[PDB]
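Coordinates as given in structure_28.cif (mmCIF, C-alpha atoms):
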data_work
#
loop_
_atom_site.label_atom_id
_atom_site.label_comp_id
_atom_site.auth_asym_id
_atom_site.auth_seq_id
_atom_site.Cartn_x
_atom_site.Cartn_y
_atom_site.Cartn_z
CA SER A 34 -13.34 -2.76 1.89
CA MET A 35 -10.60 -5.40 2.08
CA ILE A 36 -7.65 -6.49 -0.15
CA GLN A 37 -7.12 -10.22 -0.61
CA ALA A 38 -3.62 -11.64 -1.13
CA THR A 39 -2.83 -15.30 -1.68
CA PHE A 40 0.68 -16.58 -2.37
CA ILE A 41 1.45 -20.06 -3.62
CA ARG A 42 4.66 -21.66 -2.47
CA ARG A 43 5.26 -25.08 -4.06
CA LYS A 44 7.94 -27.18 -2.39
CA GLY A 45 9.78 -24.31 -0.72
CA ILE A 46 9.64 -21.78 -3.57
CA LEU A 47 7.17 -18.98 -4.33
CA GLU A 48 5.21 -19.73 -7.54
CA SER A 49 2.46 -17.14 -7.78
CA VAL A 50 0.30 -14.55 -6.09
CA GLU A 51 -3.38 -13.60 -6.72
CA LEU A 52 -4.20 -10.22 -5.11
CA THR A 53 -7.69 -8.75 -5.27
CA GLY A 54 -9.62 -5.77 -3.90
CA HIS A 55 -6.80 -3.28 -4.26
CA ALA A 56 -6.84 -0.82 -7.03
CA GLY A 57 -8.81 1.60 -4.91
CA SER A 58 -12.25 1.93 -3.42
CA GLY A 59 -12.33 5.68 -2.78
CA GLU A 60 -11.93 5.14 0.96
CA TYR A 61 -8.69 7.00 1.73
CA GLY A 62 -7.61 4.95 4.77
CA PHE A 63 -8.11 2.02 2.37
CA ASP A 64 -6.84 3.71 -0.78
CA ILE A 65 -3.73 4.40 1.27
CA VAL A 66 -3.19 0.69 1.84
CA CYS A 67 -4.11 -0.07 -1.77
CA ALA A 68 -1.39 2.26 -3.01
CA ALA A 69 0.88 0.28 -0.72
CA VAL A 70 -0.22 -3.06 -2.17
CA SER A 71 -0.03 -1.86 -5.73
CA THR A 72 3.38 -0.27 -5.26
CA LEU A 73 4.84 -3.55 -4.05
CA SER A 74 2.85 -5.45 -6.71
CA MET A 75 4.15 -3.60 -9.74
CA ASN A 76 7.68 -3.28 -8.39
CA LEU A 77 7.92 -7.08 -8.17
CA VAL A 78 6.74 -7.49 -11.75
CA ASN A 79 9.18 -4.77 -12.84
CA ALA A 80 12.24 -5.60 -10.77
CA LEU A 81 11.71 -9.25 -11.74
CA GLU A 82 11.91 -8.19 -15.38
CA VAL A 83 14.62 -5.57 -15.15
CA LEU A 84 16.78 -7.16 -12.47
CA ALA A 85 16.05 -10.89 -12.74
CA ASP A 86 15.53 -11.20 -16.48
CA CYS A 87 12.23 -12.90 -15.68
CA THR A 88 9.08 -11.89 -17.62
CA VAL A 89 6.35 -13.28 -15.37
CA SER A 90 2.87 -14.30 -16.46
CA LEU A 91 0.85 -11.21 -15.58
CA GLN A 92 -2.88 -10.63 -15.51
CA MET A 93 -4.65 -7.51 -14.29
CA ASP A 94 -7.30 -4.82 -14.28
CA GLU A 95 -8.72 -2.26 -11.87
CA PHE A 96 -12.33 -3.37 -12.35
CA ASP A 97 -14.65 -4.03 -9.40
CA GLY A 98 -11.89 -3.48 -6.85
CA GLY A 99 -9.06 -4.78 -9.03
CA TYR A 100 -7.58 -8.24 -9.55
CA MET A 101 -3.95 -9.06 -10.28
CA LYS A 102 -2.31 -12.44 -10.68
CA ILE A 103 1.43 -12.99 -11.09
CA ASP A 104 2.37 -16.55 -12.10
CA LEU A 105 5.84 -18.08 -12.38
CA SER A 106 4.73 -21.74 -12.81
CA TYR A 107 5.20 -21.82 -16.58
CA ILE A 108 8.75 -20.52 -16.09
CA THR A 109 11.90 -22.53 -15.43
CA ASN A 110 13.56 -19.48 -14.08
CA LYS A 111 11.41 -19.24 -10.96
CA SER A 112 14.21 -21.16 -9.24
CA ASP A 113 16.71 -18.41 -9.90
CA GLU A 114 17.86 -17.03 -6.56
CA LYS A 115 17.40 -13.52 -7.96
CA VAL A 116 13.79 -14.36 -8.83
CA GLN A 117 13.12 -16.03 -5.50
CA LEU A 118 14.95 -13.38 -3.46
CA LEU A 119 12.76 -10.66 -5.01
CA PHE A 120 9.53 -12.65 -4.58
CA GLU A 121 10.45 -13.19 -0.90
CA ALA A 122 10.77 -9.43 -0.29
CA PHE A 123 7.31 -9.00 -1.81
CA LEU A 124 5.92 -11.63 0.56
CA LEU A 125 7.72 -9.89 3.40
CA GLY A 126 6.16 -6.59 2.31
CA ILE A 127 2.61 -7.87 1.86
CA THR A 128 2.86 -9.86 5.10
CA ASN A 129 3.79 -6.88 7.27
CA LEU A 130 0.96 -4.79 5.81
CA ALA A 131 -1.66 -7.45 6.49
CA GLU A 132 -0.45 -7.58 10.09
CA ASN A 133 -0.32 -3.79 10.44
CA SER A 134 -3.82 -3.50 9.04
CA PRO A 135 -5.52 -6.90 9.34
CA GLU A 136 -8.60 -4.71 9.06
CA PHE A 137 -7.81 -3.83 5.45
CA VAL A 138 -5.45 -6.60 4.40
CA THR A 139 -5.44 -10.37 4.40
CA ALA A 140 -2.42 -12.38 3.32
CA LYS A 141 -2.70 -16.12 2.89
CA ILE A 142 -0.08 -18.65 1.85
CA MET A 143 -0.88 -22.08 0.44
CA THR A 144 1.99 -24.50 0.82
CA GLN A 145 2.28 -27.47 -1.53
CA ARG B 32 1.81 23.11 -1.03
CA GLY B 33 5.18 22.45 -2.55
CA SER B 34 4.41 18.78 -2.14
CA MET B 35 7.51 16.87 -3.26
CA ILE B 36 9.49 13.90 -1.93
CA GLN B 37 13.05 13.45 -3.12
CA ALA B 38 15.11 10.31 -3.51
CA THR B 39 18.81 11.10 -3.47
CA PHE B 40 20.81 8.02 -4.33
CA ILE B 41 24.57 7.94 -3.92
CA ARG B 42 26.49 5.27 -5.77
CA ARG B 43 30.14 4.69 -4.86
CA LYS B 44 32.01 2.18 -7.06
CA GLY B 45 29.19 0.62 -9.06
CA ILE B 46 27.27 -0.09 -5.83
CA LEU B 47 24.50 1.88 -4.03
CA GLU B 48 25.39 2.82 -0.44
CA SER B 49 22.72 5.18 0.83
CA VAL B 50 19.67 7.18 -0.07
CA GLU B 51 17.94 10.11 1.53
CA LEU B 52 14.21 10.62 1.72
CA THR B 53 12.62 13.89 2.85
CA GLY B 54 8.99 15.03 2.77
CA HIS B 55 7.40 11.58 2.23
CA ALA B 56 5.77 11.70 5.65
CA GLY B 57 2.83 13.91 6.54
CA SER B 58 0.08 15.45 4.40
CA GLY B 59 -0.31 17.72 1.35
CA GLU B 60 -3.79 16.53 0.18
CA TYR B 61 -5.25 13.15 -0.91
CA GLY B 62 -3.23 12.22 -4.15
CA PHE B 63 0.02 13.39 -2.41
CA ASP B 64 -0.53 11.08 0.57
CA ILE B 65 -1.07 8.16 -1.79
CA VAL B 66 2.45 8.72 -3.11
CA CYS B 67 3.85 9.06 0.41
CA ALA B 68 2.21 5.75 1.31
CA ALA B 69 3.92 4.19 -1.74
CA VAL B 70 7.42 5.55 -1.00
CA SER B 71 7.22 4.73 2.69
CA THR B 72 6.21 1.12 1.88
CA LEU B 73 9.01 0.55 -0.61
CA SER B 74 11.31 2.23 1.89
CA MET B 75 10.26 0.25 4.94
CA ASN B 76 10.41 -2.92 2.87
CA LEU B 77 14.05 -2.41 1.92
CA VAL B 78 15.00 -2.01 5.56
CA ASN B 79 13.14 -5.20 6.51
CA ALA B 80 14.14 -7.30 3.54
CA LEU B 81 17.77 -6.39 4.10
CA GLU B 82 17.76 -7.40 7.76
CA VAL B 83 15.65 -10.54 7.43
CA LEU B 84 16.55 -11.98 4.04
CA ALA B 85 19.72 -10.04 3.31
CA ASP B 86 21.49 -10.91 6.55
CA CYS B 87 22.55 -7.23 6.44
CA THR B 88 21.74 -4.77 9.25
CA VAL B 89 21.21 -1.15 8.23
CA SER B 90 21.92 2.28 9.75
CA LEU B 91 18.54 3.98 9.81
CA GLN B 92 17.49 7.53 10.64
CA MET B 93 14.13 9.31 10.64
CA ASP B 94 12.20 12.30 12.00
CA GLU B 95 8.50 12.06 11.15
CA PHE B 96 8.62 15.85 11.45
CA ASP B 97 9.63 18.52 8.91
CA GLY B 98 8.06 16.67 5.96
CA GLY B 99 9.72 13.46 7.09
CA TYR B 100 13.34 12.38 6.85
CA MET B 101 14.73 8.97 5.94
CA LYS B 102 18.33 7.86 5.55
CA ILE B 103 19.04 4.20 4.84
CA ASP B 104 22.80 3.82 4.88
CA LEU B 105 25.21 0.96 4.11
CA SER B 106 28.55 2.78 3.86
CA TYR B 107 29.89 1.01 6.95
CA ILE B 108 28.19 -2.38 6.79
CA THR B 109 30.73 -5.09 5.98
CA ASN B 110 28.43 -6.90 3.55
CA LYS B 111 27.32 -3.75 1.68
CA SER B 112 28.96 -4.99 -1.53
CA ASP B 113 27.19 -8.32 -1.11
CA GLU B 114 25.10 -9.13 -4.19
CA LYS B 115 21.95 -10.00 -2.17
CA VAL B 116 22.19 -6.58 -0.54
CA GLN B 117 22.70 -4.93 -3.91
CA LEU B 118 19.80 -6.62 -5.71
CA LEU B 119 17.23 -5.59 -3.09
CA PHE B 120 18.67 -2.07 -3.19
CA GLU B 121 18.60 -1.99 -7.00
CA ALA B 122 14.93 -2.86 -7.01
CA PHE B 123 14.26 -0.15 -4.40
CA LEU B 124 15.90 2.21 -6.87
CA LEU B 125 13.64 0.86 -9.63
CA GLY B 126 10.50 1.25 -7.54
CA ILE B 127 11.34 4.79 -6.47
CA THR B 128 12.31 5.53 -10.09
CA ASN B 129 9.04 4.60 -11.77
CA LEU B 130 7.04 6.07 -8.91
CA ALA B 131 8.84 9.37 -9.65
CA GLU B 132 8.19 8.88 -13.35
CA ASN B 133 4.48 8.13 -12.94
CA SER B 134 4.03 10.98 -10.49
CA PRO B 135 6.69 13.61 -11.28
CA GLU B 136 4.73 16.27 -9.41
CA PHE B 137 5.03 14.39 -6.13
CA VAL B 138 8.29 12.49 -6.33
CA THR B 139 11.74 13.36 -7.64
CA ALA B 140 14.82 11.14 -7.72
CA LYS B 141 18.46 11.63 -8.68
CA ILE B 142 21.46 9.33 -8.66
CA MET B 143 24.82 10.98 -8.07
CA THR B 144 27.76 8.59 -8.10
CA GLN B 145 31.18 8.87 -6.48
#
Just give me the structure of the file as structure tokens.
Amino acid sequence: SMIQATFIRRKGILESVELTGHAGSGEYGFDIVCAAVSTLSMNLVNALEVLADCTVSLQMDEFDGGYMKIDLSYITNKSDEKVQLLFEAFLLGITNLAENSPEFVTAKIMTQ
Amino acid sequence: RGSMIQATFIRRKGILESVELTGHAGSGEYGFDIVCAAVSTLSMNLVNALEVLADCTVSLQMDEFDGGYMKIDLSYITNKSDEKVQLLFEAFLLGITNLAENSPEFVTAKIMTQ
């Protein structure tokens, strides 16, 4: 069991993220890390709404090891410091977890 | 048994300055741990995001023992009123808030202002 995280930073700013494999896999040591991923995942989507007045493009489910995509491409708000500052903390949170448990987590970043 | 983590937020003058976390570390069963893993992540993230992105260093304090004890404090950090610092903190308050809402039996949070 492994969680896959891919961020997309276009010209210096975070645009989207496409996490997969979280949303449990009854494997405790893993489910632990999944909780972690999901906590950070939903907080972003929430804090971005509540605190940044940004309603991101969300897509999700907990089927076959869950899949969740958060897009900001179709939004001319993504450049708001408050949006970007929050997205950066999410990248900083996912990044540390994939380096603390490279066994369970993988964080990639495509720059363009 | 008696599995409960509490988030005590103090807000002095419109801005958050500290928060205390006790019990979030250690066991209680499976579902409890999951919550602990969630609080500890949001908690460790705030400390890291504040130092790295927020240019603000924080007074930390923890004893893995006795349920676990966290105390992220900003009462004496010059830039504590700084808006970057406050946004990241606000969101930490939002995360901890829903997490306590979704799992009332494992997490409790209060905000007492001064």
Next on the checklist: With all atoms listed in the file as the counted atoms, please give the residues lying no more than 9 Å from residue 100 in chain A, apart from itself and same-chain residues fewer than 4 positions off, as an NGL selection string.
Outcome noted: :A and (51-56 or 92-96)
Checklist entry - Which residues come within 7 Å of residue 55 in chain B, counting all atoms listed in the file, excluding same-chain residues fewer than 4 positions away, as a PyMOL selection string? => result chain B and resi 36+67+70-71+98-99
Checklist entry - Given the choices A:97, A:48, A:64, A:132, which gets closest to chain B if the distance is worked out from all atoms listed in the file? => result A:64
Checklist entry - Written as a PyMOL selection string, which residues does the PyMOL selection byres ((chain A) within 10 of (chain B)) give for the file shown? => result chain A and resi 61-62+64-73+75-77+79-81+83-85+114-115+118-119+121-127+129-130
Checklist entry - What gap, in Å, lies between CA of residue 90 in chain B and CA of residue 104 in chain B? => result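 For CA of residue 90 in chain B relative to CA of residue 104 in chain B, the distance reads 5.2 Å.
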Next on the checklist: Between CA of residue 82 in chain B and CA of residue 50 in chain B, what distance in Å does the model show, to one decimal?
Outcome noted: 16.7 Å
Checklist entry - Any idea what the distance is between CA of residue 54 in chain B and CA of residue 132 in chain B? => result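 The value is 17.3 Å.
Nearest residue to residue 105 in chain A, choosing from A:90, A:74, A:145, A:39 and counting all atoms listed in the file: A:90.
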Next on the checklist: Going by the chain IDs and residue numbers used in this file, which residues fall under the PyMOL selection byres ((chain A and resi 135) around 12)? Write them as a list in words.
Outcome noted: residues 34, 35, 36, 37, 38, 63, 66, 127, 128, 129, 130, 131, 132, 133, 134, 136, 137, 138, 139, 140 and 141 of chain A
Item to check | the PyMOL selection byres ((chain B and resi 43-47) around 7) resolved against shown file, as a PyMOL selection string | outcome: chain B and resi 41-42+48-49+112+117+144-145
Item to check | Which residue of B:78, B:52, B:38, B:93 approaches residue 139 in chain B most closely, using only C-alpha atoms | outcome: B:38
Next on the checklist: Report as an NGL selection string all protein, DNA and RNA residues lying within 10 Å of residue 97 in chain B, evaluated on only C-alpha atoms, omitting residues in the same chain fewer than 3 positions from it.
Outcome noted: :B and (53-57 or 94 or 100)
Report as AutoDock Vina command-line options the centre and the edge lengths, in Å to one decimal, of the axis-aligned box holding every listed atom of range 55-66 of chain A, padded by 5 Å on each side.
--center_x -7.8 --center_y 1.9 --center_z -1.1 --size_x 19.1 --size_y 20.3 --size_z 21.8
Just the residues within 12 Å of residue 109 in chain B, please, counting all atoms listed in the file, with nothing from its chain fewer than 6 positions along; format it as a CSV table (one decimal) with C-alpha atoms, in the frame of the given file.
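out02.csv, freshly written:
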chain,number,residue,atom,x,y,z
B,48,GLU,CA,25.4,2.8,-0.4
B,86,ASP,CA,21.5,-10.9,6.6
B,87,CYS,CA,22.6,-7.2,6.4
B,88,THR,CA,21.7,-4.8,9.2
B,89,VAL,CA,21.2,-1.2,8.2
B,116,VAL,CA,22.2,-6.6,-0.5
